[PDB]
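Labels A, B, C, D, E, F and G are assigned to the chains in the order they are written; within every chain, residues are numbered from 1.
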Amino acid sequence: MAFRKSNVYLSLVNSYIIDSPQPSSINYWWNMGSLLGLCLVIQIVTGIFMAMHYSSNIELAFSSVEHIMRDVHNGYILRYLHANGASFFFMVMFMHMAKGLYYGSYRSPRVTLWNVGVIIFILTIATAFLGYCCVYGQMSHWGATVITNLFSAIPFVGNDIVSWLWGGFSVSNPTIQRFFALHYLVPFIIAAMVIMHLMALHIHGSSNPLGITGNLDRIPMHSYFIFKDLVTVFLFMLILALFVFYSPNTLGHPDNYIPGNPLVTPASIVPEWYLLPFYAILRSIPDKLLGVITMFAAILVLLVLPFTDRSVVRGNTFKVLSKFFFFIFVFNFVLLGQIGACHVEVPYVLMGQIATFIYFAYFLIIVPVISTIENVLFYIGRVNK
Amino acid sequence: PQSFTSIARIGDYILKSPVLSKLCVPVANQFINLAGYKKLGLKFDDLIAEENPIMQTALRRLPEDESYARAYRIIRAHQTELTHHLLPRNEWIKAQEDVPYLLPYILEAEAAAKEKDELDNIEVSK
Amino acid sequence: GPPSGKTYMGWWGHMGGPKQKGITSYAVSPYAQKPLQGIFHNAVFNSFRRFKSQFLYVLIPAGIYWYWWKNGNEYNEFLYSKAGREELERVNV
Amino acid sequence: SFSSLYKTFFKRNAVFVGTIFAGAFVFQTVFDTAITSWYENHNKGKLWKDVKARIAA
Amino acid sequence: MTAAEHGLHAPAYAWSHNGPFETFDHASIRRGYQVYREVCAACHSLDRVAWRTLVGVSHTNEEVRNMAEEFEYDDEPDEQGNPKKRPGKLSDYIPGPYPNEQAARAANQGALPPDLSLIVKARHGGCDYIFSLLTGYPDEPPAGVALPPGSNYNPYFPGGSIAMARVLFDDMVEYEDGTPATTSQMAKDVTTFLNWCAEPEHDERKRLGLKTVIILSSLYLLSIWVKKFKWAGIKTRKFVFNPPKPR
Amino acid sequence: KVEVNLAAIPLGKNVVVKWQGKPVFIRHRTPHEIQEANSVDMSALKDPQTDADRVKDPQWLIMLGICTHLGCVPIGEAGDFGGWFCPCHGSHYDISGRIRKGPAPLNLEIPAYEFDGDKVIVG
Amino acid sequence: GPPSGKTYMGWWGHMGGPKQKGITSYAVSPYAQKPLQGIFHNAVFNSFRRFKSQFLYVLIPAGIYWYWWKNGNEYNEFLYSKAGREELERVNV
């Protein structure tokens, strides 16, 4: 046999990359997983090369990030690459999750794959939060203050958990150094979780946009999907190069270039844009305990979706009502993000509460009823009786 | 996840009622025409996800000519959607051609598995 | 090594599909083909077919949610203006 | 003479990869020179060389 | 919130550097450093800009050295351990007017003037915001504005009441090149200089961006060709089906 | 827990410090301000408390500088009530620091503090 | 999955050793045994057997290098003393 099959490690690279049998009919939405791996390699490399210059003290965090932006050779390249690549990481992650929600990639074989994906989603949200708080701008300090003061709503040990996370009595020097140690650590937990994602993917193979079995027509991944993924790799690099070199501060809030002042509230405390729908699901509930419970349930309601998708065909490729309500869910998510960017004002509170209810009624109410109705319509449209 | 016996029960109730038939059957016919699986050469029982032991049982119990024809329709739909086209209009599956061929095998394997579970969980009346 | 559980995918030779008979595949060498064949016909015609097939599902929720967000934004700009402060204090208190 | 063309450049992969690397070297030098020339010529009047010539005159 | 609490949004001026192939007007940077030193240096600081970054942008080496020698910083203490002052050099930073925040607030009616190093990137609107904020001080505030003592009116400031008085009047700086220093000309020059203090990498960043966009777009189109080349053999496949004999 | 000496703070002045990342001020109140603080009916109060419940020393008013609407800083000795004025959304508090008019739901929070003669330990 | 190369270890059932006939294993339950049986006999007797068989290989080279190190240390301490400065400058220059 070949050396790519007989070796210990090259058999792994072969059975994952070179001979991995993909179905022939998958499209460019299946490129987002390889794109997320590319985003992770970009984030980890630019993160190490800025951690060689960053200082995590509360007097030197913002000054060291500005030292990267001014004194370090091509350090502006590394900083804008890290920041806008985190925004692109979350763009491609939302596309990966939405194509999973659409094409039914969460169903019966791949429930382990979907759940490990949700764990990666939680860890990546946490990494982005800690790294945003590492800059120690104005949005960093106050975002840290709000999101870690959320945990003082737990009635038993809320103050204990809060003063353990802070390392003191407010967000300060031990908080920022804690967050830097954790922001270095947690992406390697993400890399191990990506290897577990690849295991759960490899035991059953990819899905295809038809939803039907893909065992009949398959293609080895090398020389077909390598270049088919190279197309989107260069396209992702092109859009990221545009957003790094020509509009580098479009996806950033301009208040982060104010140094972190604990005595000044910046009149709109808002996190990064990819956490804004969860910030809106937070602020919709008029209680601090039920709000953070609803935000964690907003991340964790995707675990209910394998057992509520009552359909008998996989994926909304051939389902009219499921397609319509899937894009209603997608634009509800965009509305939720734009709502959470807004202030807490009169039409926005009711619109955010209604959009949160539609977000939770998609998985819990809309999907079982619509899929049952489509099962009945699919039966009686072709059974003659 | 929804059992095929339940879909058959609800659909037979809709079809046996004269009001529900004339109200919901054209909605389902237009739903199937909008669903567009016939433009790829698929009948509907090619679309059922087979990765469960009831469907593996029914596909094992399918006769061989239906198995070879289903294999060709699945491979043809994969190649058609690879090329990002549809089949030509004489290669579309006609309405009278879209017969449930896997459905008696699915319903029989479902009744066998439900009877096996019910006998696994009996309580003898003593 | 140890064997693992029953999966719905094998490897090259024992994929676990049906037995296939009578299905005959023909392909040509790409070196004897024209790549970028039909791209100007598909770019204006097949792309139009795909857009005609799949734009109501993507555009009617976009229309609903954008009209909702625009109407809410216009109501907010009416509320925090000078002409609607009576309604502002009424709907705030 | 596509046979001589292929036999010189694309038959041996060592000659192919060496040709690609030689072209990459030449393209790096030539491309950076042409981009800096086009950029500085597009922004004529705003550079420090032009401001320095104005202060000297 | 209200329009007065948001502040008036600053219009898009045709800046010389807006646009993907554009560079800072470095003569405008030199004039902006003149209007920084002669006006804005009495209340605002530039604690992030070293003297050595101005060499090759708005001044020369022997031209920056004279300003750095005009300021005085702390030295290493002498043999007896006494504190000692030193005439500054190219490695030192542009000094602020006040020793600390308490002295700044004592000099400026209780309000701290921010360090102007990153404020083009620290405010929404950016250069347009700085320009409209400097120029658009109304001589009279509009009728009914309850104004605090020592607070001036500016519409583009969020809240309407800014603690910075209008500081840019006509011909208060004699330019070196004879450029007629009106109010809006000096405001445009300091906005360009403060934008350079915010983004000193701007010119080289757009240059490497041009290189990068051309290289990556060419790689994208080359990769589309190579992908369709490799996929021709599968995309042009033909399946035929003669049904088998029943046995 | 910090200690602030009450000897260099004269009558009729404020002193605003930071403590655990939060602003906290001390006021040497006049007897006019003490009578004005105990001379407001609780019906005028959306969050009604008394001066004996809100300070331990009536001479020395000590409270946190967090406006209870969203966390802005009320300006020192500004407003229409003789107290403090949050300028972010127009919140007013008296010299006792209770909310009368504004979007603030509660009064200015009192920290925990004890006395050592002419100095205070807040913590 | 795909097969790996020819290895010299299988798993439980197909280890890759030879065929075995006639070798018969006997093993009684530890719950019927005495753990800590023989630990005092094997503490003083079996341990002396193992040490007696395997201490010359560990004690001749340790003694060689320890005597070499002690001799070098004593020569260095003699050299940088007052009695051996003539030999110090001689072997140093």
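We adopt the following convention: a residue touches a chain if its C-beta (ideal position, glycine included) is under 8 Å from a C-beta of that chain, and two chains touch if they have at least 3 such contacts.
Asks: Find out how few touching-chain steps suffice to connect subunit A with subunit G.
Replies: The fewest touching-chain steps linking subunit A to subunit G number 1.
Asks: Based on Cα centres, what is the most central chain?
Replies: Per-chain C-alpha centroids ranked by distance to the global centroid put A first.
Asks: Take the average of all CA coordinates in subunit B, do the same for subunit C, and state the distance between these two points in whole angstrom.
Replies: The separation of the two C-alpha centroids amounts to 25 Å.
Asks: With chain centres taken as the means of their Cα atoms, state the distance from subunit A to subunit D in Å.
Replies: 40
Asks: List the centre-to-centre spacing of subunit B and subunit E in whole Å, with centres computed as mean CA coordinates.
Replies: That gives a centre separation of 65 Å.
Asks: If you average the CA atoms of subunit F and of subunit G, how far apart do the two points sit, in angstrom?
Replies: 77
Asks: Hunt down the residues of subunit A that sit against at least two other chains at once, touch-wise.
Replies: 19, 24, 109, 204, 213, 216, 267, 320, 345, in rising order.
Asks: Can you list the residues of subunit G that touch 2 or more other chains?
Replies: Residues 1-2, 4 of subunit G each touch two or more of the other chains.
Asks: What residues on subunit F touch subunit A, complex-wise?
Replies: 18, 20-23, 70-73, 88
Asks: Within their complex, state which residues of subunit A touch subunit F.
Replies: 168-172, 262-265, 267
Asks: Of all residues in subunit E, which touch subunit D in the complex?
Replies: These residues of subunit E touch subunit D: 16, 21-27, 30, 56-58, 60, 176-177, 206-207, 210-211, 214-215.
Asks: Within their complex, state which residues of subunit D touch subunit E.
Replies: 31-32, 35-36, 39, 42-43, 45-48, 50-52, 54-55
Asks: In the complex formed with subunit E, which residues of subunit C make contact?
Replies: Those residues of subunit C that touch subunit E are 21-30, 33-36, 80-81.
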